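an experimental structure, sequence included, is below.
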Amino acid sequence: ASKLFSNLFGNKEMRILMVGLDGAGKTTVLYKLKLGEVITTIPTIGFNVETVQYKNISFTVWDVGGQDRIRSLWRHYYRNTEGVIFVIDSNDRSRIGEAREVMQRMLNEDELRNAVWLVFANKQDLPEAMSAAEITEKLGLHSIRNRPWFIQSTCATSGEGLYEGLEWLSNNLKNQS
Ligand SMILES: Nc1nc2c(ncn2[C@@H]2O[C@H](COP(=O)(O)OP(=O)(O)O)[C@@H](OP(=O)(O)O)[C@H]2O)c(=O)[nH]1
Ligand SMILES: [Mg+2]
């Protein structure tokens, strides 16, 4: 319903996990992609998961936070993930430390070791927000080793940057059977 993601994604199977702190703009991203109905599943009371399935592309999304208590189920999703999209509210300096802590925990998860890392520096339409370079430094992305990563400036409201990021992801994502 969006445009040409059919040519991009083709018929390959990309299993994508999109997470980030609440308020980052993940749900906005899902709807803006216009790739399919956003499905809400609650595998466990209090744990809301949103999914979008487009041909062989799957997006699984949920909110994370500094005080998260990971559950076995989370790791079940992790094992089935080929690419991770971590969404950041570029205009929230008060929570960038929290995002860093959460993302660092994920970078150290055994079950996510092979996933390529795409960071969405979202809400870039706000001039007072942090730049992608600032976010790259704060998250410590340059210290990442043996794992492809990329940071993309985005505005989920307008959809700007979303294709560029998913393009990188599609070209770098490593398939796992
Ligand atoms: N300026 C701006 N805002 C954005 C962007 N993306 C999402 N937002 C806004 O950020 C708030 C949270 O987005 P949402 O998708 O629900 O976040 P989440 O799902 O990650 O928790 C929403 O504000 P509301 O509660 O006011 O609707 C939404 O409109 C963006 O690129 N730029
Ligand atoms: Mg949401």
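Perfect, I can see it now. Numbers count the residues shown, from 1 in each chain. Ligands and ions are numbered 1, 2, ... in the order given.

near ligand 1, which residues of this protein are found?
Along the chain, the residues adjacent to ligand 1 under the rule C-beta under 6 Å from any ligand atom are 20, 22-28, 63, 122-123, 125-126, 155-157. For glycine as for every other residue, the C-beta is placed from the backbone atoms N, C-alpha and C.

of the residues you listed, just the buried ones, PyMOL syntax please.
To isolate the buried members of these in PyMOL, using 16 or more other C-beta atoms under 10 Å:
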select buried, resi 20+24+25+26+27+28+63+122+123+155+156
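
check the gap between the spatially closest residue to residue 142 that is not a sequence neighbour and residue 88 for me.
Leaving out its chain neighbours, the residue that sits closest to residue 142 by C-beta to C-beta, 6 or more residues apart in numbering is residue 136, at 6.7 Å. As judged by C-beta to C-beta, to the nearest Å, residue 136 and residue 88 stand 10 Å apart.

neighbour-wise, which of those two wins?
residue 88 (28 against 16; other C-beta atoms under 10 Å).

surely that one meets residue 95?
No: Residue 88 lies out of contact with residue 95 (C-beta atoms under 8 Å); the separation is 9.1 Å.

shared neighbours, those two?
The contact sets of residue 88 and residue 95 overlap at residue 21 (C-beta atoms under 8 Å, 6 or more residues apart in numbering).
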